[PDB]
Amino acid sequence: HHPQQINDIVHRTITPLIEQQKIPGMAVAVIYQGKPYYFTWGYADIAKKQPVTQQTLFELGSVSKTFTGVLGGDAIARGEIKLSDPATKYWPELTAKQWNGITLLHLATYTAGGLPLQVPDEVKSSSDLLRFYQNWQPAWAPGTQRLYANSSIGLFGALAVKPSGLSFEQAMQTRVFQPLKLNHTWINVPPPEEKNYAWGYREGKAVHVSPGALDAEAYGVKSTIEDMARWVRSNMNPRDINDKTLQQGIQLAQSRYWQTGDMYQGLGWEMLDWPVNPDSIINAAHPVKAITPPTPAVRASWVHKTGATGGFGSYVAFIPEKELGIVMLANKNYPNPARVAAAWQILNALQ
């Protein structure tokens, strides 16, 4: 059952969005008074006329970084890592002098001094990855500039799980996915779930994301609209979580570590004070101001993350103090401002 208020606002906003953006398939969850309401449109596979369902898997792209941030928070809560730890503590083979003074905090929050947006495609092995980072030259001193980048938080994720004894995949499954009952969320889609894996569409072609080094950490997660609704609810209400270090980790990922303009950098998540200027949630390196100690999570925030792959576009946003949130998953990568304006209209209407 849907409250009519929710059906009305979703139809008024998402139907025109799909009409304008030519999105083949889409799933939306609205979290309202903490409870989820689901909507699906169109096709997961156009050539077979296979409909989007609540079990359809979508590529999350950089929304994956929120899982990584929370897993990192959980490691912090366990005392397995500190954000002030040097990167070299967890990877002593990283001997180049430019790595002196670079911390896990820098890696997690894109402030190491200009690590590249992309890990080079030909990097395959551990020795390849080492050689990549060993020859990187910073454009800036650490902790001065934010350059949003996969190679930064991707390495954070890989290093953060070293004290656990587990692989990144094993740590994520056991410490985050399983406690939160995300049973249809995958770093690697298993064979019996391939029937539910949507195709993305780019320039008229059915596509899936390409494998790359540190993809699991930076952009590789696939999930359903139901699990993503569960993810939003968990990040809005950590107090309801039995796993103590996960509860803490979720809170730590919404701590405010850096400020640029009216945006605050968390771990994976990005935050702004609510109410927001829409200009700010719609919008190169930017200077950052450190926040020390980091501000504990502010419930009166717009918390959000966008993600894209070649064939998919994702958006998650929520306002903890209002128990209000939205997940938008689509198998076309369409412009961020269209996504965000629609989300902003919907969440404003449900206050």
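For every residue, the number given is its place in the sequence shown, counted from 1.
S.K.: Are any deposited residues left out of the model between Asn283 and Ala284, and how many (none, 1 to 3, 4 to 9, 10 or more)?
M.R.: The entry has a long gap there, with 10 or more residues left out between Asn283 and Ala284.
S.K.: Look over 168-176 and 259-267 in the entry and identify the one with the greater average Cα temperature factor.
M.R.: In the deposited entry, the stretch with the higher C-alpha B-factor mean is 259-267.
S.K.: State which stretch shows the higher mean Cα B factor in the entry: 6-14 or 325-333.
M.R.: Comparing 6-14 with 325-333, the higher average CA B-factor belongs to 6-14.
S.K.: Considering only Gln118, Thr109, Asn237, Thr224, which residue's Cα atom bears the greatest B-factor as recorded?
M.R.: Among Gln118, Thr109, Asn237, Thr224, the highest C-alpha B-factor in the entry belongs to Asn237.
S.K.: Per the coordinate record, which of the options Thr103, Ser127, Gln251, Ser151 holds the highest CA temperature factor?
M.R.: Top of the list by C-alpha B-factor: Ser127.
S.K.: Would the CA B-factor of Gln351 place it in the lowest, middle or highest third of its chain?
M.R.: Its C-alpha B-factor, which the entry lists for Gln351, ranks in the highest third among residues of this chain.
S.K.: Ranking every modelled residue in this chain by its Cα temperature factor as given in the entry, which third contains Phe156?
M.R.: It belongs to the lowest third of the chain when residues are ordered by C-alpha B-factor.
S.K.: Thinking about Cα B factors across the chain, which third does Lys305 belong to?
M.R.: Within its chain, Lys305 is a lowest-third residue by C-alpha B-factor, going by the deposited values.
S.K.: Just say lowest, middle or highest third for the CA B-factor of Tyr38 relative to the other modelled residues in its chain.
M.R.: CA B-factor rank for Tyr38: middle third.
S.K.: Using the B-factor values recorded in the entry, state whether the Cα atom of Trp140 falls in the lowest, middle or highest third among the modelled residues of its chain.
M.R.: Highest third of the chain for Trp140's C-alpha B-factor.
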